[PDB]
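No value in this document is a laboratory result; all are computed from the given coordinates. Every residue, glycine as well, gets a Cβ built from its backbone with ideal geometry; the counts of neighbours run over all protein chains shown.
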Amino acid sequence: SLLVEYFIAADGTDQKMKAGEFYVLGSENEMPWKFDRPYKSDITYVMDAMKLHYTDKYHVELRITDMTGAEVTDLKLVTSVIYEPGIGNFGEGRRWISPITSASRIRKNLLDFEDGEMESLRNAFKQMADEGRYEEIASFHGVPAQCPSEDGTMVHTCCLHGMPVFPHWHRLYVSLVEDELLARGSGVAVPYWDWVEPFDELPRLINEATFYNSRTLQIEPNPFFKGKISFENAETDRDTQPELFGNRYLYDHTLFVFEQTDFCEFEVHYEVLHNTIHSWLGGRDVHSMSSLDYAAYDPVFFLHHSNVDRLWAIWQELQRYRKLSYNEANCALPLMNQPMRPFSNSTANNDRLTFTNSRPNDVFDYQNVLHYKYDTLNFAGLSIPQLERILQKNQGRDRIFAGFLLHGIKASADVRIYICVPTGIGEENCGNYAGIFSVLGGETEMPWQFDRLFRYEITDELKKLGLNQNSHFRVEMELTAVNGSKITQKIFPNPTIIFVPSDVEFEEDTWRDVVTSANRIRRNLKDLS
Amino acid sequence: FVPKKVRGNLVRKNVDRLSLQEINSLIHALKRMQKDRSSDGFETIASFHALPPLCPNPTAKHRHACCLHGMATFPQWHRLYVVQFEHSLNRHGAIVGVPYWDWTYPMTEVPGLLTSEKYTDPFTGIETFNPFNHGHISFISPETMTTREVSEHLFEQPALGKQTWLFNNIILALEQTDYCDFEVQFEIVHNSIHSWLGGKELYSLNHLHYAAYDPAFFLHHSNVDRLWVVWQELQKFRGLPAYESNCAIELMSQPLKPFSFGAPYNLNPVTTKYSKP
Amino acid sequence: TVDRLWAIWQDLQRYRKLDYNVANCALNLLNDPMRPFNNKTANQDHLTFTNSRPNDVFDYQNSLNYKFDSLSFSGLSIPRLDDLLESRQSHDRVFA
């Protein structure tokens, strides 16, 4: 009858653990039979449970009994063990698949909302608001500090901002809030507000102070207009900088964020770009989006950071296409295992989801672990093949960048970029606008120092000045802190400037005889008819 | 005025220039080709030179053999001889060409790999016999080895006005603009290290018969070749012929033995093909 | 034709992985608008007016919207042109 039980054992411990059993059917009288194919079982869980790599042994041991329980001996060879890569990995086998995951709570564009979805979002969030909760969540990021380390001599704000694990943290943040949003009866998961597309006004959901309640038939306060800060007895206010309205620069910036092969380069450009919105939106007030300390209390926070998260998501998918690591990081390794400080804390985080997966490495697969998905991962209506296509065409020309070595100032500020053309006679300097980006911070934020340069592409502005990489000029920044009056002395090293030759033919791509606008072809006079 | 703006060749470094890896590959390669009983082996190639005679033909009743000495074609022969050796340890896994030690510089010592009795591989840490220290003369006896005696004249240093024998006579040799005069000086200058490393010892560099059995010979002769090459360059600088000899031209037709044989005795195809001086 | 020559050099510079639509050479001059073309009168051609600065006119193809039939010179592809030029550089030459 031959009941056969199989276990795995390693040489090291030696741990033994059962992976399950199986039955083969037999009788004394029989048709002679042997399989031409191995019977396979899934064994993956027991392997992960032993913390046993598939490469190390991990040699398998079995015992076989008849029906009466008597142990038959010298039975069988279970020698082979096979490893199956995910179909979604794309590296060696299957073509691009957009693989299936658990995929609850679809996150969609705020613009593509309907009146129902919006009113339901407003109501759910309200329930979160008059009751205690949302502030309890915003306090994880905000100014009441919870994080003393490493001894600790002093306390810091809990949210992570100088590091490469910045996205992870905030990723989880949004997850957390969305969770509790859904639990309050929300028809939909947290939407992303795509600010990459210019806007003459603010989004409807967050903009107006009051919305009309259909059910109650009365006008009521929009919960997304402002969050309450009751421990300082204040409210989040918003002073929108005019630079926020209509600029298409964010398109190019995100474009250069997506170019990034390395994870940390990605992270730095990703996060500076993310700082931008904070700065433009809550500019001048102390209790607003712009200051790191009180930024979370303004609901738009997660509306912002879901969108930011979406960008990250897209990049991951892009990385899949590039066969580079999408759910892992060859980048800064020692940070990827340290649990997020507010989420890992037994108090005040009682959400088991965010608690269990507070380690950075746990937050990589958003779809399987945090159970959410984005409606489309196309950028500006562009398929990922199309996106990589555009990115390569972008890399096809000679480009010029300004490098910025950033670190934690005590405070959030905007640095603006100007192009200095020395005059022939005599020496003259520094007066033409190139760009702008933001650094975010608060008084008690944990100190930080980028280990790489932030890049700002100045190619087009130089082309409009008729300037080249070889032509004489220099780059000067002008720094204006979050206080309107405030302007600063020399906090960061003078901007580096880097020239990247075209693949341009400078670096990667061969000589290609490039395509241009190119009307009116001029030809030799002798070849005329 | 603006001035003027496929297996890679082996490079013969100066001995003292050699890296640990290069010394390693050389020690091991010479070790193998010394254990090698084939034609490619050290005993056979060293047989080419003199004592187990192969000229005019190895089949002769009486054999006057074999290397050319005391005549215009002396360098060519030995040049070819060296490449013989060279190719062997290139096949036996030497990463560089035959090292030379130039007597062009004044000397205080015999080079490291030459004089040290034992060699310790840095990579495996096991000490072995140094193949370059001496050579075995197999056909006489399995036990018989080449021995040496270093004459004091080897270590001469420039005095106030005086300069070493070698410096003087080498420059006296390079002074010549006629190939044959060059040759007659050059060979004698070449004899000095033979005499000074050989000494009174029978199985040594001083004796024509047994010389090529001492590995030193070849390192020595590498530099000999270099000297010639140097002279060639000099000639090319003077607008004079290098790569050709206007004197003793008749001897330049007579092919080098036993490289000329092809046959079972030597091949090495490249060595046979260019057996003409 | 003179312009054509310049075009070829630019492409040559492309082959050499050096500045072709940019000039590291003469920095303070590249931003002054052409004095006749920049004048509001009498240059009323908007194309030339807007692009009167030297830096604006570096790449002829994108801004002035034209191409030359071939940018090979005397029947020589730009790679083999660079070959000729390099071989030329390879010998002793004397200049006044």
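For trypsin sites (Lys or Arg not before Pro), the sites in region A:31-91 that DSSP calls loop and that have at most 10 other Cβ atoms within 10 Å are A:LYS34, A:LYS40, A:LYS51. Under 1.5 on a/c is rounded, so check that first for chain B, then, if it is not, pick prolate when a/b is larger than b/c and oblate when it is not; a ≥ b ≥ c are the square roots of the alpha carbon gyration tensor eigenvalues. It comes out rounded by the Cα gyration axes. The amide H of A:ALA434, built 1.01 Å from its N in the peptide plane, has A:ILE417, A:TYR418, A:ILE419 as neighbours under 5 Å, considering only residues 5 or more places off or on other chains.
Using just its DSSP H runs of length 4 or more, each adding -39500 (n - 2.57), chain A gives a mean residue ellipticity at 222 nm of -7500 deg cm²/dmol after division by all residues. Across region A:211-337, counting alpha-carbon atoms alone, Rg and Dmax equal 18.2, 56 Å.
For the pair A:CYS430 and A:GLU197, label points projected 7 Å from Cα toward Cβ lie 4.1 nm apart.
Semi-axis lengths, largest first, of the ellipsoid equivalent to region A:4-97 are 30, 21, 10 Å, with √(5λ) applied to each eigenvalue of the Cα gyration tensor. If each Cα of region A:408-461 is one equal point scatterer, what is log10 of I(q)/I(0) from the Debye formula at q = 0.28 Å⁻¹? Listed by q, the Debye log ratios stand at -1.11.
The equivalent ellipsoid that matches the C-alpha gyration tensor of region B:38-127 spans semi-axes of 30, 19, 13 angstrom, in descending order. Rounded to the nearest whole angstrom, the semi-axes of the ellipsoid equivalent to region B:106-253, taken from the Cα gyration tensor as √(5λ), stand at 32, 20, 16, largest first.
Quick one: grab the alpha carbon gyration tensor of region A:350-451, order the square roots of its eigenvalues as a ≥ b ≥ c, and give me rounded if a/c is under 1.5, else prolate or oblate depending on whether a/b is larger than b/c. The shape class here is oblate.
Taking a 19 Å limit on the Cα-Cα distance, which of the listed pairs A:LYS51/A:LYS373; A:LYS16/A:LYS51; B:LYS35/B:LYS118 fall beyond it? Check vs 19 Å cut-off fails for A:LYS51/A:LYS373.
Alpha-carbon geometry of region A:449-508: the Rg and the Dmax are 15.1, 46 Å, given in that order. Size check on chain C: the Cα extents along the three principal axes, sorted descending, read 52, 31, 25 Å.
With the Kirkwood sum run over all distinct C-alpha pairs, the protein assembly as shown has a hydrodynamic radius of 36.8 Å. P(r) tail, region A:69-149: Cα-Cα pairs separated by more than 15 Å, 81% of all pairs.
Please work out the FRET efficiency for the pair A:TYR83 and A:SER325, using the Cβ-Cβ distance as r and a Förster radius of 22 Å; give the result to the nearest 0.05. So the FRET efficiency works out to roughly 0.75.
Listed from fewest to most Cβ neighbours within 10 Å, the set A:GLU443, A:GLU21 follows the order A:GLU443, A:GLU21. Structural descriptor for region B:136-241: relative contact order 27 percent, calculated from alpha carbon pairs under 8 angstrom and at least 6 residues apart. Computed over chain A, the convex hull of the alpha-carbon atoms projects to a mean area of 41.8 nm². Summary value for region C:1-85: 29 percent relative contact order, contacts being C-alpha pairs under 8 angstrom separated by 6+ residues.
How about region B:222-277: which chymotrypsin sites (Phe, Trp or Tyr not before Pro) there are in a DSSP loop, with at most 11 other Cβ atoms within 10 Å of their Cβ?
Listed in order of number, the matching sites are B:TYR243.
When a/c is below 1.5 the answer is rounded, else prolate if a/b is larger than b/c, else oblate, so apply that to region A:403-529 with a ≥ b ≥ c taken from the square roots of the Cα gyration tensor eigenvalues. Verdict is prolate for region A:403-529.
Ranked for footprinting exposure by Cβ neighbours inside 10 Å, fewest first, A:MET154, A:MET50 give A:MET154, A:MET50. Here A:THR459, B:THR108, A:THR157, A:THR44 are placed in order of increasing Cβ neighbour count within 10 Å, fewest first, which gives B:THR108, A:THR44, A:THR459, A:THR157.
For chain B, B:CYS67 stand unpaired, since no other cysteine beta carbon lies under 4.7 Å from theirs.
For A:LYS526, the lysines whose Cα comes closer than 24 Å to its Cα, not counting residues fewer than 8 places off in the same chain, are C:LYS67.
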